[PDB]
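**Student:** To kick things off, part of the complex as it is:
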Amino acid sequence: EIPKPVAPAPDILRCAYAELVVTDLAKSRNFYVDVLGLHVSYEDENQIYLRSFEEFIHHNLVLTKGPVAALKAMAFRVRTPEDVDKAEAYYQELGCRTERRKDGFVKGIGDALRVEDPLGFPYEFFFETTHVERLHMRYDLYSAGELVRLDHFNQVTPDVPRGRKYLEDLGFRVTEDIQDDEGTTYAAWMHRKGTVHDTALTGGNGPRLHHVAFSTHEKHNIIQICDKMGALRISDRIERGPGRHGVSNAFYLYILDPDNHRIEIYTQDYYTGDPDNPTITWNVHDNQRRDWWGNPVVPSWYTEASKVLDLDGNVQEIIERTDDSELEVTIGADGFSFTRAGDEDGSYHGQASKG
Amino acid sequence: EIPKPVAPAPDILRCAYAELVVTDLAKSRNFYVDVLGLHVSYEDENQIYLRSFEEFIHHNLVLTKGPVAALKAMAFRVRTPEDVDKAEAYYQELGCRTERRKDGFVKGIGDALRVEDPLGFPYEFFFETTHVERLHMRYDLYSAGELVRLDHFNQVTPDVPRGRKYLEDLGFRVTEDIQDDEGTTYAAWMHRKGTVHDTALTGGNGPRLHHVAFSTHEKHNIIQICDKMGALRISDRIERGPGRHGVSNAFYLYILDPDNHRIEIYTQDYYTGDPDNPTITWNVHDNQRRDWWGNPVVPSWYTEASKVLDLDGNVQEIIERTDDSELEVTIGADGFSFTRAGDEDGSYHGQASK
């Protein structure tokens, strides 16, 4: 239903950075720099440019002061300068609004194309970026909870099949998804860079940004983030985890920034770069699909997500999902989940796992 | 009100083993050997004797086939052979029922005393044990989830101060506890060997055994146990965790065996050996006391625990706690907890966290 354009898709390398509008620049700086340990590439009174430990492009996160907290741009890096032209021609044919700046929208990025995509998300495509010192061996700066890479975005959208087809035509490959036996798709994960994903689609009212995810080297680094949050007595900002994912097989943690933007810390998924990488489909009632250890998913994780902006800086209107709700079918009043397929023992009726 | 005997206390070194009655020996073996990777010191059709990676005494766990799943004995090693005689005289003065077997109750233990202690728990005291190969450097046998030591027991009892004074007289020292402003004690941790505890008292209906705990080297070993349980599709047997404890500061996991005996896997508490080791008291309403990260404690963790047997092998009758319930005052309908004292942001009312 989103048609495949005749124009070639641009060659997208990876997710590269997010621009997030925040309301109190000092509080957010404290969260992202003081608590999480991200590295400042540039800052002034309006913006903070932050990067992970192993990054060499200018930034992975731009915090921009504004009146309404929201995603302003989710940016992917393309292979060549000519891929920014291809992106522009591709989104024109799709009838999408686009805006092209030879000198970039944020500091440290050159020629860039921003678009309101067919799902209502603000995508940016760019090649040119100002290189900075790669801190990958600066173990003199390395913190016990060090965030090493930007890994993915996760987007909330009402119709997952619709979005999936569009991203596949754009060159993303589905690695895992969640479905039921009645034809509904609840979520899908897709990649360009050869990890489990660069973005993911989560079925719900949208467009909204569910989260932005950063990686650590090891599982103990994620444990340390939790421990530090307890020491700072902000354990209430730990939403969910730590855990092992079923889908993706990664060790994880979800935390909430001062504007409630959700950040995931993630480590140790697997290689997906082969073009016939086997796709894995989970059943929506399988209680090990989201947390492998069967720990319950808190309802806020399903219902809460960040607003997104259009190209003019106004909030995108939210469209309701009419397909079945992952929350309702697993943990709501008429919900169901199993530990072992076909086994009544270890199954949950009308409530979440673990009592 | 448990009187201090004039007879000297036995010198207790550490918690050493538990004997657990199980209903299906083969299923239990599958859990303790095939899933958890404990090492077989002896087995036959009626019992399995198991030990941890770094142990040199005969065993840390005995699984005995019986009709009713229950704790049959929680055993402490004493410093000398004479300490068994001291234990006998001590418990006889307390008016407790005792039984002395010069050749032991279980294989690989020699002269031993079992008692029905004043809290109704079956304690064993012994010195003599058959030494076995210490597997501490057998990395050829080392599992990704390796259990390296027995760390502690945790006992459910209705009146914590009563039990705590009795254990102090036995030479245990309290390291941490949970209290409220009204003066109720909900739990206490106490030690002999210089870790946070060898046993602990949890307020509730008892005598019941809350859990037995084993230690791993590192946090990743606990993660692996969870991961393996997912792979075996037995994640419903993960009860609580993994987490960081507030009390003890240890990384932890609670799992349930086939008869619902609860096992804790535990690592990285701190040294308590100095006699003036500072005691830490947590408020019962502090949401970081049990899980430092503020994760909720599932009601089953407070309400479910194992039966204990008397010396004849019958189940000990339960006495109901009359002091306030930690479940009720934190997560029950009129309960509450906080992240930051005095702050309504991050506080939970009539409701658990997260």
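**Tutor:** Nice, thanks for sending it over. Numbers count the residues shown, from 1 in each chain, chains lettered A, B, ... in the order given.

**Student:** can you map out the helices along chain A?
**Tutor:** When assigned using DSSP state H, the helices of chain A occupy the ranges A:25-29, A:81-93, A:160-169, A:219-231, A:299-303, A:326-330.

**Student:** any chance of those helices in a markdown table, plus mean neighbour count?
**Tutor:** Yep, even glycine has a C-beta here, placed from its N, CA and C like the rest. Putting the helices of chain A into a markdown table (neighbours: other Cβ atoms under 10 Å in any protein chain shown) gives the following:
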| stretch | mean neighbour count |
| --- | --- |
| helix A:25-29 | 16 |
| helix A:81-93 | 18 |
| helix A:160-169 | 19 |
| helix A:219-231 | 20 |
| helix A:299-303 | 16 |
| helix A:326-330 | 19 |
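
**Student:** among those, which is nearest residue B:64?
**Tutor:** Taking Cβ to Cβ as the criterion, residue B:64 comes closest to helix A:219-231 out of these, the separation being 37.0 Å.

**Student:** Can you spell out which helices and strands pack onto the biggest strand by length in chain A?
**Tutor:** Longest among the strand segments of chain A by residue count, using DSSP state E, is strand A:12-22. Under the contact criterion of 3 or more Cβ pairs under 8 Å, 6 or more residues apart in numbering or on different chains; DSSP states H and E, the helices and strands touching strand A:12-22 comprise strand A:61-65, strand A:70-78, strand A:122-126, strand A:149-157, strand A:208-215.

**Student:** let's go with 6 Å and repeat that
**Tutor:** In terms of contacts (3 or more Cβ pairs under 6 Å, 6 or more residues apart in numbering or on different chains; DSSP states H and E), strand A:12-22 is packed against strand A:61-65, strand A:70-78.

**Student:** In the sheet, which strands lie alongside it, parallel or antiparallel?
**Tutor:** The strands beside strand A:12-22 in its sheet (DSSP bridges) come out as strand A:61-65 (parallel), strand A:70-78 (antiparallel).

**Student:** so of those, which one's packed in deepest?
**Tutor:** When those are scored by mean count of other Cβ atoms under 10 Å in any protein chain shown, the highest mean neighbour count falls to strand A:70-78 (a mean of 24).

**Student:** who's in contact with that strand?
**Tutor:** Here strand A:70-78 makes contact (Cβ atoms under 6 Å, 6 or more residues apart in numbering or on different chains) with A:10-19, A:21, A:84, A:122-125, A:127, A:153, A:209, A:306-309.

**Student:** attach chain C to the model above:
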Amino acid sequence: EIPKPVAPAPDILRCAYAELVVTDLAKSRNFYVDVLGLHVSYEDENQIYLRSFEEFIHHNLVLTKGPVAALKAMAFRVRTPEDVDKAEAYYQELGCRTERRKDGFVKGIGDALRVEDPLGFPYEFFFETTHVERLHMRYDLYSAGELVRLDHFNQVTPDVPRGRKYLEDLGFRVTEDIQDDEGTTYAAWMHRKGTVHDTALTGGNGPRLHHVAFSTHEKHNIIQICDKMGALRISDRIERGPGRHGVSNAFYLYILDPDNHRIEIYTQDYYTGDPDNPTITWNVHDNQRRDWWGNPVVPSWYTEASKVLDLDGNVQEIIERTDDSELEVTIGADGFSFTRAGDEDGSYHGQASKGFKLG
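**Tutor:** Time to bring in chain C:
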């Protein structure tokens, strides 16, 4: 010196497997399966097919019984069936010997091309492969030392710039290298899959295969491999490490199989997938370039490597390196190394670091 063909290079995805010839199959099986924990895809009296924990292709290593221990093939997977045709045309234009087998050289691989490449190495290109159970969440099988992926090969060749140009034309990008101030290149690392490398060139007499590398999830997994080797009283088979590499930033260990084939265990390098990824050049006299902690590199690491076979299965003749020797210029009698550039303190003259000399 090696010309760029007019024919397009095949689109290479990644290193996929190696076929090693071994002299005693049962001894090699004990090393790779019982010691290292690799998973058996297939075996018989003549071959063992092994894979890592996260692999879905049929195998990452084939051990083949033969009279002379050697590398028989280093195989790269290509993106499409049509890329195998491209590889054939490309290598024919380079004037190399090639062999095409529609149903594969080894079990579990389909249409495959093997070539004697311009550096004398037996390369294989394939697309078609039998998928198997991907064991990535089989934590009921996971060992304390689990090998999760095949990561790279490392090749010994006498002229590194000559090979580097050829691999760049083939589509590999150099991520790191080691050079001196007098124009000599000692080593280069190059990738297709977006890690530090899929293969590497190490200057020395060749063609010889230096090692094959597998990855683990965490550093403690590499430690456990060492610990287990101690417990099995085969610590004499730990060649070098564990350590932190300067080049690649990975945590590492080198061990030796029963035929002296060198295996590296490797973890936690960085992403190189961007086309303008910064190339890092280390100076050969920098004592943190190979081991970041400054531990000395054992001389066998520089001198010993496995024979490689031609398409007929005969050993390839060795061509001697005439460029300067990394061993000689760093830890040899006229050698030099530094800890801090320009500082005499922490420098080493005619001997290795940490109080050692060449045996």
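
**Student:** Revisit the contacts of strand A:70-78 given that chain C is now included?
**Tutor:** Applying Cβ under 6 Å, 6+ apart, the external contacts of strand A:70-78 come out as A:10-19, A:21, A:84, A:122-125, A:127, A:153, A:209, A:306-309.

**Student:** Could I have the buried ones of the residues you listed as ChimeraX selection syntax?
**Tutor:** If you want just the buried ones from these in ChimeraX, going by 16 or more other Cβ atoms under 10 Å in any protein chain shown, the selection is:
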select /A:10,12,13,14,15,16,17,18,19,21,84,122,123,124,125,127,153,209,306,307,308,309
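
**Student:** Can you tell me the number of residues neighbouring residue A:159?
**Tutor:** 17 (other Cβ atoms under 10 Å in any protein chain shown).

**Student:** For it, which non-adjacent residue is closest in space?
**Tutor:** When the adjacent residues along the chain are set aside, residue A:159 lies closest to residue A:323, with 6.9 Å between them (Cβ to Cβ, 6 or more residues apart in numbering or on different chains).

**Student:** That neighbour reaches residue A:185, doesn't it?
**Tutor:** No: because the distance of 7.9 Å does not satisfy Cβ atoms under 6 Å, residue A:323 is recorded as not touching residue A:185.

**Student:** Which of the two has more residues huddled nearby?
**Tutor:** Summary of the neighbour comparison: residue A:323 and residue A:185, criterion other Cβ under 10 Å, with residue A:185 having more neighbours (20 against 15).

**Student:** Let me see the contact set for the more buried one.
**Tutor:** For residue A:185, the contacting residues are A:160, A:161, A:179, taking Cβ under 6 Å, 6+ apart as the criterion.

**Student:** Excluding residues flanking it in the chain, which one is nearest the first one?
**Tutor:** Using Cβ to Cβ, 6+ apart and skipping the chain neighbours, the partner closest in space to residue A:160 is residue A:185 (4.4 Å).

**Student:** what do you get for the second one?
**Tutor:** Among residues not flanking residue A:161 along the chain, residue A:185 sits closest, at 5.5 Å (Cβ to Cβ, 6+ apart).

**Student:** what's the answer for the last one, then?
**Tutor:** In space, and not counting its chain neighbours, residue A:179 is closest to residue A:185: 5.1 Å by Cβ to Cβ, 6+ apart.

**Student:** cool, and residue A:327?
**Tutor:** Leaving aside its sequence neighbours, residue A:327 sits nearest to residue A:302 (Cβ to Cβ, 6+ apart; 4.1 Å).

**Student:** Chain D comes next; put it on the structure above:
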Amino acid sequence: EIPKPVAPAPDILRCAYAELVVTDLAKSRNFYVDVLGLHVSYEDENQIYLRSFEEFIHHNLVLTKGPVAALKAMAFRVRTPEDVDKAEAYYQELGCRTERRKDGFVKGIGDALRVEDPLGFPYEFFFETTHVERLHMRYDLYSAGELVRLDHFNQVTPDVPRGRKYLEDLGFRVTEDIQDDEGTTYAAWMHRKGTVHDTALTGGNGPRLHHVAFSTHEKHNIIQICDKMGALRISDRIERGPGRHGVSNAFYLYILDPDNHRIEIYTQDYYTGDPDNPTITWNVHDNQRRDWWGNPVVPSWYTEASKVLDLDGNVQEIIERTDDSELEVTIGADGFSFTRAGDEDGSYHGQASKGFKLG
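**Tutor:** This next block brings in chain D, placed alongside the chains you saw above:
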């Protein structure tokens, strides 16, 4: 031939702190605070008092500015105030020089006794100490290389059985030792607190202090210390390691402070608190006894150690070892070591393991 006194031994709990004389207080501070991350309890122009992450007594390390770098005191905490009096009577009966200060020798310690012990070492015994904030849950301060406890001292002394007998009479129990088949003892480990050791005796010219050891929680913490030293371009101050010890089974690293005082970082030894804890004797030629992975012991580890002071602040005279040297019998020109006892394969004669000889 150090007699057992009639007077009762003091009840020693554990090693508690060391007082090290250092020549440049600012440079030592950069090392212990900025590099290693210890926590400051008190400092001024003359001294810096440091503690580990889990400590509640005032300090584990006192750095005292002075003219000659040396160990000034190795302090053990005793169980009660009365035990300081027992210590005094005990050493007086041995005929040792003692000095008692009711208000301590350093800040944060109360009634204390220093003695010049029969091996020439300056020992302090105390009970009273100023309690400080226990930082064990201050994960807001926790570094990637955090030192969590003080674990042990290691002493160099010419006659190990003489020293061992004396420590046994003080209540220390031997856990492990190294010997040869002809009855020479090279080293012994002994404990009070239920870990492998609180102090250890290493055969050599002495009295000298070999090292002070701190523990970390996990192996990755020790790896981070190396990684950080590499980043700071002070890898030349990594003496030996990281490794796994044979004796003790601990993961370890040895580093050198600005005055060449050796610090060990140590983790994951085993419980020894039972009175019949099985002792383990290793053969001196076993190449897995010091490093379980067979990595060679750097010669400086055998030859270099810190001076110790007498109670007036003067350096103690050094007495030479007349028994065999561990260095000489294992890695010297006439030395040997084995991987498997009796097996020539994996054995080393006249040189160290892994292909190095002595520099």
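
**Student:** Take what packs on strand A:12-22 again, chain D included.
**Tutor:** Secondary-structure packing of strand A:12-22 (3+ Cβ pairs under 6 Å, 6+ apart): strand A:61-65, strand A:70-78.

**Student:** looking at the sheet around the closest residue to residue A:63 other than its chain neighbours, what are its partners?
**Tutor:** Using Cβ to Cβ, 6+ apart and skipping the chain neighbours, the partner closest in space to residue A:63 is residue A:48 (4.4 Å). Assessed by DSSP bridges, residue A:48 has beta-bridge partners residue A:43, residue A:63.

**Student:** What about residue A:48, how many residues nearby?
**Tutor:** Quick note: residue A:48 (other Cβ under 10 Å) scores 25 neighbours.

**Student:** got the domain boundaries for chain A?
**Tutor:** If you go by curated CATH domains, the domain ranges for chain A are A:10-148, A:149-287, A:288-355.

**Student:** Of those, flag the one that's most buried.
**Tutor:** The highest mean neighbour count among those, using mean count of other Cβ under 10 Å, belongs to domain A:149-287: a mean of 21.

**Student:** Residue A:160 reaches residue A:201, doesn't it?
**Tutor:** Yes: shown here, residue A:160 and residue A:201 form a contact pair, counting by Cβ under 6 Å, at 5.1 Å.

**Student:** Overlap of the contact sets of the two?
**Tutor:** Common neighbours of residue A:160 and residue A:201 (criterion: Cβ under 6 Å, 6+ apart): residue A:188.

**Student:** Which strand residues bridge the residue nearest the centre of chain A?
**Tutor:** Closest residue to the average C-alpha location of chain A: residue A:153 at 1.8 Å, with Cα atoms, centre = their mean. According to DSSP bridges, residue A:199, residue A:212 are recorded as the beta-bridge partners of residue A:153.

**Student:** List the contacts of it.
**Tutor:** Residue A:153 makes contact with A:15, A:74, A:199, A:212, according to Cβ under 6 Å, 6+ apart.

**Student:** Show me which pair in these is furthest apart.
**Tutor:** Pairwise over those, using Cβ to Cβ, the maximum falls at A:199 and A:212, 10.3 Å.

**Student:** interface residues of chain A facing chain D?
**Tutor:** A:138, A:139, A:140, A:142, A:144, A:227, A:228, A:231, A:232 (Cβ under 6 Å from any Cβ of the partner chain).
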